[PDB]
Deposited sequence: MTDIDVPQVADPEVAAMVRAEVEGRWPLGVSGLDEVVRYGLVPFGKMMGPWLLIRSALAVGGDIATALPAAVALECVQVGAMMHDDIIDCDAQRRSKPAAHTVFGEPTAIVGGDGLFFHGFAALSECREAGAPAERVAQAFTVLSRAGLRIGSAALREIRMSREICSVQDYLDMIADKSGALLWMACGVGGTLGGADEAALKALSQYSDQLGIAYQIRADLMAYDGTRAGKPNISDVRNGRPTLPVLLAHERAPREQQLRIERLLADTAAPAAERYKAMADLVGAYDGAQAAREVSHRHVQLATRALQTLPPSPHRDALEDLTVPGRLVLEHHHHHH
């Protein structure tokens, strides 16, 4: 009932730390590093890492440099993904390669990666036992391999019908691994036992799937297939399924007429609502996994992240 552990101000404390490390006016490699970091934004990843560490009894001083590490790793990956990405959102800020040139944007992503690795190395001096610091690097690295594999698969799997599970596995690596990178490393430094880490893993995967579905739904309120498209295909009769596959199969058709053809078929078979119910089931599975963790304001914070509109990546 009553909180027996505290609830700190995670969001602003992170921003102060990253700004302290790369303040306004930095030059050299830190200038391109800072460009990827600013505007700071919500930083739900670093927020999730510290909350996961505190949910298992960890230290703020230990989890804080790991939260900085993750931001640098994710921004470095995002800086490199922008180079290979083609369609840009109007809201999305100008890509670093468009601003600094493509060669500089690659070096910048590398500086972001190694600044992350350097920040995670500071956890030893922060108080974490060297056995835990090394396990944090292992959890972080494997998550970094799933997000990179998904980015390549996003490029390859597009414009073709895939199995519903094949989409689910990819979005678990694109979105669930972003959270598992936060929850796994945060829980590890926090001293979570083996059962707690698996729960945070289940929470990360289930919430990552749900977030992606919610993103797939925004066009249904890049011309790539999404879960509402797959669910509509599964429900559509054979004649319509034939159409859905050839629409995806050939990368030589105008974008507008492609989109409207997909949007009409999704609406005809309630693909949007079906995607909502799938997302809803995985949200409840994420909250179920949380119950393994001990009750705390931090565990309440992770469950609040499952509320629609609260999580933003």
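Trainee: Lining up the deposited sequence with the coordinates, I want the ranges that have no C-alpha atoms.
Mentor: Seq positions lacking coordinates: 1 to 4, 226 to 238, 331 to 337.
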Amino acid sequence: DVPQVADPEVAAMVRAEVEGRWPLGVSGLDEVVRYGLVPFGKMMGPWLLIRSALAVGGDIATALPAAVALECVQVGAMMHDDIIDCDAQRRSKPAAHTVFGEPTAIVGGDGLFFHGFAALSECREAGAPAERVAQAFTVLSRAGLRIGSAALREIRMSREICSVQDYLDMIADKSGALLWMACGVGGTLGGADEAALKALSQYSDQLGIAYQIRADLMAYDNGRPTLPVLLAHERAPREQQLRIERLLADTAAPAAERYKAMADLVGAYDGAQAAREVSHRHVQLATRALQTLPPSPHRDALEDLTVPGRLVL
From here on, numbers count along this sequence of modelled residues.
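Trainee: Highest mean C-alpha temperature factor of the two stretches 118 to 126 and 168 to 176, which is it?
Mentor: Averaged over C-alpha atoms, the B-factors run higher in 168 to 176.
Trainee: Do the CA atoms of 258 to 266 or those of 275 to 283 have the higher mean B-factor in the entry?
Mentor: So the stretch with the higher mean C-alpha B-factor is 258 to 266.
Trainee: Could you say which of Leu305, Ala11, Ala289, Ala16 has its CA atom at the highest B factor, as listed in the PDB entry?
Mentor: Comparing C-alpha B-factors across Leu305, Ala11, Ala289, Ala16, the top value belongs to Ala11.
Trainee: Sort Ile106, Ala192, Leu140, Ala219 by C-alpha B-factor from the entry and give me just the highest.
Mentor: So the option with the highest C-alpha B-factor is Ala219.
Trainee: Lowest, middle or highest third of the chain for the C-alpha temperature factor of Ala88?
Mentor: Its C-alpha B-factor belongs to the highest third of this chain's values.
Trainee: Lowest, middle or highest third of the chain for the C-alpha temperature factor of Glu71?
Mentor: For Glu71, whose C-alpha B-factor we compare with every modelled residue in the chain, the answer is the lowest third.
Trainee: Hey, what third does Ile213 fall into on Cα B-factor, ranked over its chain?
Mentor: Answer is middle: the recorded C-alpha B-factor places it there.
Trainee: Within this chain, which third does the Cα B-factor at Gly187 fall in: lowest, middle or highest?
Mentor: Answer is lowest: the recorded C-alpha B-factor places it there.
Trainee: Would you check the entry's CA temperature factor for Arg159 and let me know if it's in the chain's lowest, middle or highest third?
Mentor: Within its chain, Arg159 is a highest-third residue by C-alpha B-factor, going by the deposited values.
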